[PDB]
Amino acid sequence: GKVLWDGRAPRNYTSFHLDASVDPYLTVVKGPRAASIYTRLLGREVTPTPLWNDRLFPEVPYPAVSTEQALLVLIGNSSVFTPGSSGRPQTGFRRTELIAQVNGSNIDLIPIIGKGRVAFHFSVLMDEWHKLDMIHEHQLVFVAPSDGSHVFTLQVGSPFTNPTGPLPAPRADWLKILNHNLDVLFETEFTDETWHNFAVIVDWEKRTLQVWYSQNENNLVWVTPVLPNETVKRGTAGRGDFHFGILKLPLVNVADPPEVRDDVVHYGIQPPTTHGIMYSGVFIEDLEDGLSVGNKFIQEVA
């Protein structure tokens, strides 16, 4: 399809771009430190997903050239988001996110990524140096309407519950795609040293979702049918911004009064530890001709 927004970090992108919050990323959703403190551009240290590589002729010595660099998104004890200038700090969450924008504007992108059929691409790689704690829930990728709901979510870690249940949950370390109602559509183990490639097709007209997945250099394959996602609101209230990064929920603190334990935005246990995940292959396309499945192939989608 036609690329509507490209979040595949250029090889020439720098910390200075992130700190200026310029295209393609709005960088405001983070703690008070500079964007480049939480999000690192990995250069040639980490090979990004091979799906969007270019290929050389001849095919030795180098078969492939990377067309992007991977991003390392970190959260730590300072990763407390304050809404606006004056909001109550979100002390229950630890979060660092990048939001899709064009011309310095998330607003202008809403109608573009929110009409017709749109494929949301993203690949993730486990960070071995700052391990995620799968005792907690992490919301990694989502499209969020103004009400803060998620049209879909890529999640990993044990889902937050009040009261606390057995932890870790079964398959806590499985990546999960959820619908807007939080139903698990697809789940797969978050194996290390592997690029986990996804596309989620949103049909904004019919309010459906379809999940596509592969590992490493393998082309995306469909792993769900076209599924209804009918809890999404009608019209503009069902559209919203594309986020990727880490949004870590807390655990219940029984020391808190019962009346606030559900308010994970402001209450709950968060250890003062650092955690990361790596991203590549993050972009949004329409479905003209078909879905980009990797390796310079398109596949027609019904």
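Note that residue numbering begins at 1 and tracks the sequence as displayed.
Which is higher on mean Cα B factor in this entry, 229-237 or 246-254? Looking at the record's C-alpha B-factors, the answer is 229-237.
Given the B-factors recorded for C-alpha atoms, which segment has the greater mean, 81-89 or 138-146? Comparing 138-146 with 81-89, the higher average CA B-factor belongs to 81-89.
Out of 51, 265, 60, 29, highest CA B-factor residue: Answer, based on the entry's C-alpha B-factors: 60.
So if I compare the CA B-factors in the entry for 201, 100, 75, 107, which one is the largest? Among 201, 100, 75, 107, the highest C-alpha B-factor in the entry belongs to 107.
Where the record places residue 279 (Cα B-factor, split into thirds across the chain): For residue 279, the deposited C-alpha B-factor lands in the lowest third.
Please say which third, lowest, middle or highest, residue 133 falls into when its CA temperature factor is compared across its chain. Its C-alpha B-factor belongs to the lowest third of this chain's values.
Which third, lowest, middle or highest, does the CA B-factor of residue 20 fall in along this chain? Within its chain, residue 20 is a highest-third residue by C-alpha B-factor, going by the deposited values.
Taking the C-alpha B-factors as the PDB entry records them, is residue 286 in the lowest, middle or highest third of its chain? According to the entry, residue 286 has a C-alpha B-factor in the chain's middle third.
What third of its chain's C-alpha B-factors does residue 165 belong to: lowest, middle or highest? Ranked within chain, residue 165 CA B lands in the highest tercile.
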